[PDB]
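Shown next as structure tokens: one chain only, the form deposited in one PDB entry.
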């Protein structure tokens, strides 16, 4: 596909919606805010809307390389703060994916340029879980690191001042850690779901334990 194809396809799709789904934009024109924030990877191998059935307007989205929530990344933190404090999303889903190019590059460590600095945060997680990974068969280690990465980003998200403040004041927000692969598109819930500061810690340990 080329650029002229995208523009032309868009024009035809917009016209065909009049017959196929004349109401396609009706919920978007209402003041209903999205209830979900999705933090995923720029690889976007299967779009979040396809994976879940979520409709236009139901999902606020951030994507970056390897779906990180770095403690001091103001881009992601600004998405989160707007979603939690202004849109009042009820769920935040961090979704990783098996085969992620960012996770693979963190492990193989090729000299890729500027991106290698971003990927050092993944190498820190790999270091953190070296003993756990060493108890597992080698062929499962890379996908396990993909899962651990998600769990650590959920943990970071729950430790941000944004989430700590929301939970302290009794706002209902739940964080989830998921992963999928392109072998079937099937979401795996990594079982780290957090609804407050206490469950954040308990279920982080639970998710890691399920891997041990």
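Numbering follows the first chain given and starts at 1. Between two forms, the rigid core is the largest collection of C-alphas that superpose within 1.5 Å.
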item	value
Higher-scoring stretch by recorded Cα B factor average, 172 to 180 or 55 to 63	55 to 63
Higher-scoring stretch by recorded Cα B factor average, 187 to 195 or 16 to 24	16 to 24
Out of 144, 165, 44, 153, highest CA B-factor residue	165
Peak C-alpha temperature factor (PDB record), options 103, 115, 136, 89	136
Third assignment of residue 72 from its chain's C-alpha B-factors	lowest
Third assignment of residue 35 from its chain's C-alpha B-factors	middle
Third assignment of residue 97 from its chain's C-alpha B-factors	lowest
Chain third (lowest, middle, highest) by recorded CA B-factor, residue given as residue 80	lowest
Third of the chain's Cα B-factor distribution that residue 120 belongs to, per the entry	lowest
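Missing here is the form deposited in another entry; even so, the following discussion is about that form.
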query: Rigid-core-referenced C-alpha movement of 2 Å or more between this form and the one not shown, selected from 172, 27, 35, 45; finding: 27
query: Is_shifted residue 12 between this form and the one not shown (CA, 2 Å cut-off, rigid core); finding: no
